[PDB]
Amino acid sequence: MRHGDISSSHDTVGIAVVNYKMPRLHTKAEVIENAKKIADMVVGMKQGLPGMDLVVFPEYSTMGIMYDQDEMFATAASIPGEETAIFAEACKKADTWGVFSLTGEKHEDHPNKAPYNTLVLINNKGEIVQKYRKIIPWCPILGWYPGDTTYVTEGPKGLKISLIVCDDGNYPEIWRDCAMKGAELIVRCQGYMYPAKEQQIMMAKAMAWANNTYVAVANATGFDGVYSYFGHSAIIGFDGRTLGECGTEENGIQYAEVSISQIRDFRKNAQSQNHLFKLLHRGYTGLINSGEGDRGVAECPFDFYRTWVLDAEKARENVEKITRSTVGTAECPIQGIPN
């Protein structure tokens, strides 16, 4: 967990995040060509950053956003596929792992159902070792099919990695779920448009802190005809302190080294702010001192989570009373979203 150098050591994983300029594309050939610009960018960056072990690109960075449904279906990728092969070759040539975005990934029932929004982790041998499909799409505007699972994978030098996408990160539950599965780095790939700039920068830091985990964020830049993307790609320590952060600049890069031993030492030895530990041993000093065992309490005291797990439909109904009953609102109508 240290920032400023271009090197990395046997204890540290050199992570680069890219403020990749959002493409405005329409055909399969254009996608392939942009895939190759990414590949070239990986190989070039490696020459300047000899310590780079992991390079991260934004959500949508391969296809752009395919606003047109037909173009969406026509460019949807197979995984593995030609785009992933282009990326795999760059990771091999540059001896780095990478995180890349396929939007869309063909549904099992393509073209009858919406594609997924997917990330892949590719290792330095070129193999796909995690495939993550976005669990919470950025509705209403965006129409991908929801995924249903998080993953943790052994990454470079053994660092445990989970991937999440953009809007997923707004929900503390997903970062918790990944850290509780043992993630040591959560990578959040986004195509995060203005308005919500200061709140997203803050949310990555607050989630790093709350879950005692390293966080890397790669966010898109530029204007694509519809949205403008605010950059601020960043790498954050497990103590919630920023390592380095880009500004809004197109094809900005940040680079930091995260220590494997530091996060393991901390998760073993921290006490007051060992949040993963504390959550499942509540009140331990109190119970010891009251003669009731030395484990604290583990039981979940939060009715919302008890209800959500037992009766998802009742949790939904409860939220609808606080918010609204239909996915759309007549005060700000959107075509194909009912109100």
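The first residue of the sequence shown is number 1, and the count goes up from there.
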query	finding
46-54 or 289-297, whichever carries the higher mean Cα B-factor	289-297
Of 235-243 and 98-106, the stretch whose C-alpha atoms average the higher B-factor in the entry	98-106
Deposited CA B-factor, highest of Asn251, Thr213, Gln200, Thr75	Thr75
Options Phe223, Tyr151, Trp144, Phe266 - largest CA temperature factor per the record	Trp144
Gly126, C-alpha B-factor rank within chain (lowest, middle or highest third)	middle
Among modelled residues of the same chain, the CA temperature factor third for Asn112	highest
Third of the chain, ranked by Cα B-factor, where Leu310 sits	highest
Chain-wide C-alpha B factor ranking for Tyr60, given as lowest, middle or highest third	lowest
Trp209 CA temperature factor, ranked by third within the chain	lowest
